[PDB]
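Next up is one chain by itself, shown in structure tokens, the form deposited in one PDB entry.
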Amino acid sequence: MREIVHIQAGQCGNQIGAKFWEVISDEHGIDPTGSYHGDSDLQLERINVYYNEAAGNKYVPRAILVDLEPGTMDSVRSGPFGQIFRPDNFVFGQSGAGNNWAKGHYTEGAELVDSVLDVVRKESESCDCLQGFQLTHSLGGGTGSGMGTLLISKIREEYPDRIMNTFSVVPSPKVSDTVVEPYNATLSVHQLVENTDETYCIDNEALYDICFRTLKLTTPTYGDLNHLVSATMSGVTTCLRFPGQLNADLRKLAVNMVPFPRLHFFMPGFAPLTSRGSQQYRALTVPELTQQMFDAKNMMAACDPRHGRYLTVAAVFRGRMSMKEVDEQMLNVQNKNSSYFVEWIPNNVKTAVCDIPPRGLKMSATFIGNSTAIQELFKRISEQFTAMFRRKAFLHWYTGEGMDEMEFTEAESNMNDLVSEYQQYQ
């Protein structure tokens, strides 16, 4: 009943997915061995969305882990929750992508994508009613970008009437670890804009900013970043497995949030976020969640919504709360900030309410937004791309695998057309 198949590609995707599965298993009361040690029936009521049953009351995730190197695989396998995954769903090669989009999209990923498609097809035929697919990856690397793009294309060709939502970590301006990041990011967006239904944009800079400022953490590591991302991933699909006063599914959020087919790039957010030693001084009410959600310094994308207008906003609430308060807050947010919302669309906000809060909290909320301010991200990527492409720098690592310069020019033109599309409604 509305099952979700999960795919993790590359190092970033695999680590985010491991954190996500730990969080989801904690929410559903599942031990690392796959056993159930919960305290409520609602935990097991809709466990078929994310888990597959086994003999003797054991649950195996519907996840497929794919990489071109075994190091992340055997780092994930030996972790706290590595014993929960099916050993047959680990698909890996031996020669890595080498931070090359062309390699992972054409040469090494082509010889590995048949196995991934086979395991996906086996997993998807065991579903009573499929709802969509999830992919976690990074645009700036080689295996993530190219291989996930190829997988998305193949899956969209096979199943054209299903949701495809991706949580893609986007290259950041002030934080960088690769020299050939712009090439990969451009060549990846050129395909995401065509073969995806809704893509969530995340960058490490905003996550670092949240950790340093809101959480007051001293030395943040990748665990905290992956933890924030996992929290938002869990919050997106809370209405598929718990009851509530208003129910919103994936297709509902796509219908309400996407006015035109190209415009499906979102910036996520979460609330509440406080620091240890500062939760006793704060009251947790619906106004506080609303105030924190629409704050510029809480989005997980390194874009300022004040430099643009919202086309649509989706707010998903968890806990026990009044509908009058939610409606009033979502109306006064628009009334007070009329200069940040598109005029010809009335009621830019959609509300969903679920009645089971996250463990250890009384209330929570997730924020999905579609703003024209996302065009500055693509502008920076395009600027770097054009700067590096005039000299044809680092271009023989790509033309040595079976690529062409015309592909680069087409990707650049597609990105420019997307930017011009978004700029119209500003």
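So that the term is clear: the rigid core is the largest set of C-alpha atoms that superpose within 1.5 Å between two forms. Numbers follow the displayed sequence, beginning with 1.
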| property | result |
| --- | --- |
| Segment of greater CA departure in 5 other deposited structures of this protein, 157-165 or 278-286, core superposed | 278-286 |
| Larger mean CA deviation from the shown form in 5 other deposited structures of this protein [core fit; 308-316 vs 349-357] | 349-357 |
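One more form of this protein exists, namely the form solved in complex with a partner chain; it is left out here, but the text below deals with it.
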{"property": "Contact flag, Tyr36 vs the partner chain in the deposited bound form, heavy atom cut 4.5 Å", "result": "no"}
{"property": "Contact test in the deposited bound form: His396 vs the partner chain, heavy atoms, 4.5 Å", "result": "yes"}
{"property": "Contact label in the deposited bound form: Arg276 to the partner chain, heavy atom within 4.5 Å", "result": "no"}
{"property": "The partner chain contact in the deposited bound form: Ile47, any heavy atom under 4.5 Å", "result": "no"}
